[PDB]
Each structure stands twice: as C-alpha cells, then as structure tokens.
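Throughout the sequence shown, residue numbering follows the deposited numbering, covering 35 to 473 in sequence. Ideal Cβ positions, reconstructed from N, Cα and C, are used throughout, including at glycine. Working notes for the structure below.
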Amino acid sequence: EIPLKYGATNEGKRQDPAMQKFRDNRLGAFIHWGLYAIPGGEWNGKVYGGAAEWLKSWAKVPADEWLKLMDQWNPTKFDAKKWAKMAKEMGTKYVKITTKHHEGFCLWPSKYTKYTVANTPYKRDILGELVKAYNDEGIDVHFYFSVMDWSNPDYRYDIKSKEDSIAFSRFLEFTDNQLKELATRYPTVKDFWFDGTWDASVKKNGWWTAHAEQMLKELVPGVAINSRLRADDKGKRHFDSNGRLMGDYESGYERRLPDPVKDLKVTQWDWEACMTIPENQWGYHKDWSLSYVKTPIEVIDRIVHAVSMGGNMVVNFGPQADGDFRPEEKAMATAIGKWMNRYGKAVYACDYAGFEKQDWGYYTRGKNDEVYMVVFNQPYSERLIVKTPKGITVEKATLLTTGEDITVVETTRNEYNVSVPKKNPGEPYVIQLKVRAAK
C-alpha cells in the first residue's frame with residue numbers, strides 16, 4: 035500500500051447527475067480539425083500513409099513552416115448549425131472537439147499564443163460557434179486538449195537539466211492559462227479529454243496533472259476529466275501505483291475494445307472508447323483507399339460492444355479544410371442515425387447486464403432492468419442462447435421494433451433458447467427481455 039499525494043481521488047464511480055449524464059449519453063462523435071486538414075496527408079508531393087494529423091511529424095516539417103498553414107485557413111463552407119444538425123441526425127448525444135492538437139493551433143482565439151483562429155483569414159472563434167450550435171441542439175460538448183504542443187518552444191519531452199525544468203514550468207503555466215481560458219470562456223463544457231501526456235516530462239510532474247484536474251473541477255461544476263491526463267507521484271499513468279483509476283473515467287481504449295469474456299474488470303469503472311473510420315486517420319486524409327474503411331455495421335457493432343461493457347463510444351470525423359464533411363462521413367453518420375433511431379433504446383442510458391457473453395451479439399441493460407439482446411450474428415439453429423445468472427429467469431421476449439412476442443424455451447437450469455423472429459430482420463436487431471430476480 036504505497037502512499038501518494040497525486041493518485042486517485044474518486045473511490046468508485048461518480049454518481050452525481052453530471053456524471054450520470056456523461057454516462058447515459060453513451061454515443062458521441064469526435065471532431066479532429068486543425069491545420070493538418072489543409073495538406074490532408076500530403077506534403078511536397080509525397081502522400082504519407084500515417085495519421086494525417088501527425089503529418090508535421092511524418093514529413094519532418096519545422097514548426098515555423100507548418101504553422102504558416104494558418105495563412106490558408108479559410109473554411110468557407112463551415113457552418114456550425116449544419117455540423118450540429120449532422121450530429122443530431124447521427125444520434126450522438128455529445129461531441130468531443132479538438133480545441134488544440136499537438137500542432138498547437140487553437141480553434142478558439144486564445145490570448146496566450148498567436149497560433150489561433152484569430153490570426154487566419156477566417157478570424158472567427160470556431161470553437162465558440164460549435165459550442166453554441168451543438169448546445170442549441172441539446173448536445174453536450176467535450177474538449178479534447180493536447181498537452182504536448184509542437185508550437186511552444188518551452189515544451190520539453192523530458193527534464194534533463196535545471197534549464198529544462200525552468201522552461202517546462204513556464205510551459206505548464208501557459209497550459210494552465212489556456213485551460214482556465216477554455217473553462218471560463220465556455221462554461222457549458224462538460225468534459226476535458228487530455229492527450230499528448232505520455233512524455234517523461236509529464237510523467238515526472240504528476241502533481242501538475244492532479245492540479246489541472248482540481249483546477250478545472252473548481253472552475254466547471256460537475257466537469258469530467260479523462261484518465262489519460264493523470265500521472266501519480268511515481269509517474270504511473272491512468273491508474274495510480276495502488277491500481278486505482280485517476281480521473282473520472284478510463285480513456286485508453288483507442289481503436290481497440292475490451293474483450294467481452296476476459297476484460298469484465300472494466301465494468302467497475304466509467305470508461306470511454308474512441309475510434310476511427312479508416313484504420314488510423316483522425317484528421318482529414320485525402321486518400322482513404324490506403325487502409326481498410328469500416329462499414330456502418332462494423333461501427334455499430336463497436337458502439338454496442340462498448341455499451342454492453344459499461345462504456346461510451348466516440349466515433350471520429352476529420353472535416354475537410356473547407357469546413358464541410360467528406361461523403362463517406364456523411365453516409366456513415368446517416369447510416370448510424372437510421373439504426374439508432376430504430377434501436378437506440380438498447381444503447382442510450384444502458385449498461386452492462388451481467389450475463390455471460392453469447393455469440394449472437396451483446397446484451398445491454400436499461401434503466402428499468404430491461405435486458406436487450408442486440409443480435410449481430412444470426413444462428414442457423416434459429417435459436418439464440420441465453421444463459422442467466424443465478425436466480426434470474428426470463429419471463430418474456432419481445433421484438434423491439436414490432437412488439438411481437440418471441441418464444442422462449444427453457445433448455446437447462448439457467449439456460450434458454452430465445453427464438454429468432456419469424457421474419458429475418460435483415461440487419462442487427464433487438465429483442466427485449468423481461469427478467470425476474472428471485473427474492
């Protein structure tokens with residue numbers, strides 16, 4: 035039992051209303067928009083296969099030259115109200131937005147650097163416009179923030195001298211200044227999602243991570259803060275040296291998900307996954323032919339997977355330099371929307387059901403103990419196996435969309451066959467169960 039000044043603060047899950055809202059939302063969208071959208075994965079005639087938002091790094095571009103892209107930042111077609119309508123249509127309950135990515139260009143007019151939307155042809159506070167528009171649609175807004183900043187020469191990868199420590203201290207002050215600015219300018223913010231916190235410099239300054247958390251929580255009542263921010267006294271990240279989760283939720287499942295049989299531990303805390311549509315492109319990349327692009331069902335599978343294990347899912351979009359979305363992303367949002375409008379009662383405000391995973395798909399549990407079977411793999415047996423925990427019986431099954439009764443046959447103590455619907459729904463579908471727990 036190691037003593038710590040900067041380890042975990044919460045005992046278990048938060049149960050205040052703001053955290054309940056963050057959780058119940060379940061489905062979000064991510065927006066990665068920054069200067070990287072202009073070159074779109076291509077530099078000096080070479081198309082790089084790596085993540086477009088990291089092109090400065092793949093193409094070895096100096097800061098001064100990368101940041102000149104500001105001169106071409108003029109997203110003519112940007113319309114925050116349309117963006118918010120797209121998110122509403124998709125069925126997202128929240129949007130996480132890159133306030134500043136590693137490149138250091140700010141989507142709000144920060145008073146602490148010149149690398150902002152203010153000093154571009156477009157001039158306008160993009161972030162402020164998005165906050166307003168999303169909020170006007172009843173959508174919560176979360177702020178991605180990269181600590182690592184390639185634009186600020188006081189940043190250090192590691193502390194190897196008293197000079198390094200001096201510089202980095204001034205960097206942390208700068209960072210605090212931007213964070214306070216974001217929190218006070220945009221007080222409807224519900225979450226800060228930190229990235230670029232893996233460097234030895236940050237690991238060595240655990241105290242600062244804890245301070246940033248407490249500082250923002252004092253400025254924004256009920257605000258959520260991701261685990262990725264946090265390092266403890268010993269430099270251990272996400273979970274402290276006593277194994278306890280720091281921040282309000284776990285945020286390491288990025289383009290991967292916990293195993294539904296082996297990783298049930300994650301049901302013990304709040305957590306949020308994020309994903310990309312191609313294999314690894316967050317910012318806009320001009321050529322999606324270079325890697326596998328997920329289909330809508332593939333994405334819907336991941337979303338349901340997350341909720342079935344007590345987590346949120348956030349699907350990423352990388353808008354074009356002009357401020358519009360590419361057609362693949364429009365088609366995606368629309369397809370997700372269509373399915374969520376039909377089957378969303380099994381996603382929104384749902385959670386882990388505590389049933390043994392079966393091959394047909396995933397269970398989710400509603401606020402009133404509804405148990406939803408979300409079927410992705412249709413058995414040729416025409417029977418969906420349901421193994422119940424001790425003391426739980428299944429009293430009824432109903433096809434969510436039609437209300438039709440579905441036959442349930444008991445096969446053993448604690449197991450049933452739930453019949454597939456008489457007509458094959460032809461898409462991933464939901465059967466709602468009524469269950470009863472014995473006294």
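Below 7 Å CB to CB, which residues in the same chain sit around residue i once its five sequence neighbours on both sides are set aside?
| i | result |
| --- | --- |
| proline 221 | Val254 |
| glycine 269 | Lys237, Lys238, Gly240 |
| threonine 427 | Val469, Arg470 |
| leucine 263 | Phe228, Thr231, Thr243, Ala246, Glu247, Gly281 |
Measuring alpha carbon to alpha carbon, tell me which residue in the options is nearest residue i.
| i | options | result |
| --- | --- | --- |
| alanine 471 | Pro423, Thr445, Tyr450 | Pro423 |
| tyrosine 70 | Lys55, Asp58, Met182, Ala86 | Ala86 |
| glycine 75 | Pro51, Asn44, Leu324, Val181 | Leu324 |
| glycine 79 | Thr209, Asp358, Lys320, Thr441 | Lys320 |
| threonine 231 | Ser91, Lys148, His135 | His135 |
| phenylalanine 179 | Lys157, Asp229, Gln392 | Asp229 |
| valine 454 | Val442, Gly62, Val175 | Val442 |
| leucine 433 | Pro459, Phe410, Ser144, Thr427 | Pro459 |
| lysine 456 | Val409, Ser199, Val295, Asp439 | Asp439 |
| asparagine 350 | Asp58, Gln212, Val129 | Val129 |
| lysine 166 | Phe410, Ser185, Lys145, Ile131 | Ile131 |
| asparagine 239 | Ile65, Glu207, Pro294, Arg57 | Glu207 |
| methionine 104 | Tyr397, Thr150, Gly281 | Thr150 |
| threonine 126 | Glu449, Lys251, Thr427, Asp58 | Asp58 |
| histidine 66 | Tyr318, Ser275, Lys145, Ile311 | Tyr318 |
| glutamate 390 | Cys384, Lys364, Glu449 | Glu449 |
| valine 257 | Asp385, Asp267, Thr218 | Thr218 |
| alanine 383 | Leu263, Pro51, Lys224, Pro462 | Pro51 |
| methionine 309 | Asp335, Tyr397, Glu137, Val295 | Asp335 |
| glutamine 212 | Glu306, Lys157, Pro330, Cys140 | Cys140 |
| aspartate 98 | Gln49, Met249, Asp356, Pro187 | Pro187 |
| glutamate 288 | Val181, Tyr377, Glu313, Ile200 | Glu313 |
| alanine 340 | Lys379, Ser203, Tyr168, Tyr397 | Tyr397 |
| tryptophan 316 | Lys214, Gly68, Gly281, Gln49 | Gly68 |
| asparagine 402 | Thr445, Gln466, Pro361 | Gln466 |
| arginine 60 | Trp305, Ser144, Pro143, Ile311 | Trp305 |
Considering just the uninterrupted stretch of the alpha helix (DSSP H) at residue i, what are its terminal residues?
| i | result |
| --- | --- |
| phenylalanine 389 | Here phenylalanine 389 belongs to no alpha helix (DSSP H), and DSSP marks it neither H nor E. |
| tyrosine 168 | 160-170 |
| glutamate 363 | 361-377 |
| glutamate 252 | 240-253 |
| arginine 204 | 196-219 |
| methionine 120 | 114-124 |
| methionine 53 | 51-59 |
| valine 333 | 330-342 |
| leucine 101 | 97-101 |
| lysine 39 | Unbroken run through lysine 39: none, as it is neither H nor E. |
| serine 235 | 234-237 |
In terms of DSSP beta bridges, what is residue i paired with?
| i | result |
| --- | --- |
| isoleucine 131 | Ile65, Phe177 |
| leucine 433 | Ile465 |
| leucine 279 | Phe273 |
| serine 453 | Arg417 |
| residue 474 | For residue 474 there is no data in the structure shown, the boundaries of the chain being 35 and 473. |
| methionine 347 | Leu61, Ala307 |
| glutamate 288 | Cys308 |
| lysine 268 | BP columns for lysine 268 are empty, so no partner. |
| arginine 470 | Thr427 |
| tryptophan 77 | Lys80 |
| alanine 258 | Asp225 |
| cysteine 140 | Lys134, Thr150 |
| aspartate 439 | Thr432 |
Apart from the five residues on each side of it in sequence, which residues of its chain come closer than 6 Å, Cβ to Cβ, to residue i?
| i | result |
| --- | --- |
| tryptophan 241 | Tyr40 |
| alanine 234 | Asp192 |
| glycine 425 | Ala471, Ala472 |
| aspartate 358 | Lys111 |
| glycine 84 | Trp92 |
| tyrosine 377 | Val464 |
| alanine 431 | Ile440, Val442, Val452, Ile465, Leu467 |
Over the uninterrupted beta strand (DSSP E) stretch that includes residue i, give me the two end residues.
| i | result |
| --- | --- |
| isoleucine 419 | 417-421 |
| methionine 309 | 305-309 |
| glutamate 444 | 442-446 |
| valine 409 | 405-409 |
| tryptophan 227 | 225-229 |
| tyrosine 396 | 395-399 |
Give every residue of the same chain whose Cβ lies closer than 8 Å to the Cβ of residue i, excluding the five residues on either side of it in the sequence, and list them in chain order.
| i | result |
| --- | --- |
| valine 95 | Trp77, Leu89 |
| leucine 279 | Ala42, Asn44, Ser261, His272, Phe273, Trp303 |
| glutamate 35 | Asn276 |
| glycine 395 | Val338, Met407, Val408, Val409, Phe410, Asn411, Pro462 |
| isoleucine 72 | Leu103, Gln106, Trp107, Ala355 |
| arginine 399 | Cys384, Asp385, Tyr386, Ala387, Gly388, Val405, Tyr406 |
I'd like to confirm something about residue i: is its beta-carbon nearer than 6 Å to some heavy atom of the ligand FAD, or not?
| i | result |
| --- | --- |
| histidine 339 | Only the bare structure without any ligand can be found here, which leaves the ligand FAD out of the picture. |
Practice problem: Could you tell me whether the region 103-120 touches the region 331-350, using the rule of 3 or more Cβ pairs below 8 Å? | Solution: Not touching, per the Cβ criterion.
Self-check item: the region 160-172 contacting the region 410-426, beta-carbon criterion three pairs below 8 Å
Solution: Contact between the region 160-172 and the region 410-426 is absent, because fewer than three Cβ pairs lie under 8 Å.
Practice problem: Inspect the CB distances between the region 119-127 and the region 293-307 and report whether three or more fall short of 8 Å. | Solution: no
Exercise. Answer yes if the region 353-370 comes into contact with the region 406-413, meaning at least three C-beta pairs across the two stretches below 8 Å, and no otherwise.
Key: no
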